[PDB]
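Here you'll find one protein chain in two forms, each presented separately as structure tokens under the names structure 1 and structure 2.
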Structure 1
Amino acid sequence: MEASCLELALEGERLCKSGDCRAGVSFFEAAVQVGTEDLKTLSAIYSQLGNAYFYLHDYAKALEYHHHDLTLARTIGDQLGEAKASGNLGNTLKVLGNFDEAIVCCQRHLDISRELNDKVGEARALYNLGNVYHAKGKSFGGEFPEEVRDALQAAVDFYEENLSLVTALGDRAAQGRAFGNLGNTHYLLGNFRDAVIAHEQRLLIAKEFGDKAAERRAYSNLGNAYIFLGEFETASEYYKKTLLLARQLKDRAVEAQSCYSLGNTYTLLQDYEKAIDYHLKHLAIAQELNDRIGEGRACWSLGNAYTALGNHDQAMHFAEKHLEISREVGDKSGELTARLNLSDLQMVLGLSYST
């Protein structure tokens, strides 16, 4: 009783739904080998193979199977099927850096959705187009390239359209994703205030769902945007909130990054004592996760903070640690600067005594 295409297919489907796409792929592959005349099911097989490989990060294969799905959906005249495949093929092409074709695929998805009067599908396409342009914008390279700017502005436009429709459909969670990406795009463009405004909404919505991760993301984005608005005190308030959330979600890495941002922010506010505190908390966690590179960044920062406080002795110590870490990780610029900091501090000390 050799298994039928449909049976293998259903196994691959539940396998992928359980997180094990590596196995599901196997069954889907087998089902294709067995074959079927039900092209609608074969279409679903390809689509799921493409999506599974995408998840496995085998984009070349995700491309192959989404390409197949799109072709078949078109051959058998499945409109909704073509729209979905166009969107999937577009996200894949995006990852692969083929933005021109990704845009075409996602625009195709948009068109078919509007024709079928598929409002949620329309929303999904606008969001995909927004994501594609966002990626395009980041795929370039003190002049800000106009090509980066046009792409990012294109993203803002699609995100706003998606946002508009998605709030009209009452999809609160989708509004949240729209706000967050809209905020990050503005951040990269340099529209800090609008970034802040969009992120506040992302924060607002994350709280409604009790989505702690989303909430943490919003606090970090807010802090970063305020830094570039020159509003450091406001930035610190948000970095503290990310720290608490991070501390609460038991994320050591993120908690360390938060302490490091706080150290820098307080240095900008010229409160070196607090900078020291936060940089120390970051130092510890860095050592704990055995992150030498970040430990170097820590010693570098501590040395500067202590130097700014007049604490010569403590500055020496960290400059030494910095020089050490820098050489161990093979960082040239750091080695030299740590070196220059050491000899300078030694000069400051030795010259502080009469001839």
Structure 2
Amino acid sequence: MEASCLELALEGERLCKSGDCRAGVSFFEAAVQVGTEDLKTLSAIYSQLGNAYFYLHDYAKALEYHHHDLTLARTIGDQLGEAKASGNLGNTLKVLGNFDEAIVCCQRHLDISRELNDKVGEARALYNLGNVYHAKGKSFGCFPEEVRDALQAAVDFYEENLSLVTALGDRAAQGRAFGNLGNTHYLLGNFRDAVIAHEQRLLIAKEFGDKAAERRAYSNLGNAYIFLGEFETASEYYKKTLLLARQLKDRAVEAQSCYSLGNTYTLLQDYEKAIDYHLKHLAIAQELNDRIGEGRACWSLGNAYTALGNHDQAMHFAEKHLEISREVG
């Protein structure tokens, strides 16, 4: 062996931290191959490999490695390690759609954190439980009681998280709680409360110079103001989102903000502006081969052109809408 288990694992850690989980996995898998009798080290390798696979969207392997970690953490009596493995299992189960199992795992992380008087772990588990319940609520077709109950549970967990990270003075974590809390209120139809939460999210984003969080807050504020009937205000927030979005490598962000602006201007009965924004979304949806998006663009454009009496363009987009609609039949 030219490198030891520990040496290989350390390189994997660094590669993953650097954003190259693919390369990191190779080093962790090399480390597991070499092996070690140090069970704490082995559990750390499994945990890191589980997270790397999670980030590479191999959720089955993520689950396998987080389970291997859980097994070892229990056998050596590493309570913190068991809590972490359980939280990781929960978050993996969440993405797989196994929400009720995710709840148990994430609650286990919470329970052990409390047993250990680990408030940082406790807070993180509360955030995770809010996230599981939020996604659970959406899985039931977001007004059905199963949706309302899960989303309300999400509010409760996010509020408990926010209290604890306020006690811990973790301002960036407060910002994250506010964002997810706001979007949960939004789904529940509590639009004023969504505005209150996203306003805090935005203030916190600005305190940190966090341009991504700022952009998210603008987008979510726009969304909430649409449902409050405040279309002009929504347009102002969506324009602020778009100013940032148009600079991003991920073109979907600009596309969505343009679609939203298109709809806002339709609601304001400014059909010329609506068309401008909808044409931008159409171009990007085509670039990204998003046929559902392209179809929705053609519908929105046809509606707007019709309102202006531009039947030549409206009918161009009717044809394309019909074509795409059959394709996505």
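Structure 1 provides the reference sequence; residues are numbered from 1 along it. Here the rigid core means the biggest group of C-alpha atoms that line up within 1.5 Å when the two forms are laid on top of each other.
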{"property": "Point of rigid-part switching between the two structures, i.e. the hinge, among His317, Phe209, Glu255, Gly81", "result": "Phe209"}
{"property": "Rotation angle of the smaller rigid part relative to the larger between the two structures, in degrees", "result": "18"}
{"property": "Per-residue C-alpha deviation between the two structures [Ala62; rigid core superposition; Å]", "result": "0.7"}
{"property": "Rigid-core-superposed Cα shift at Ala284 between the two structures, Å", "result": "7.8"}
{"property": "For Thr234, CA displacement between the two structures after the core is overlaid, in Å", "result": "2.9"}
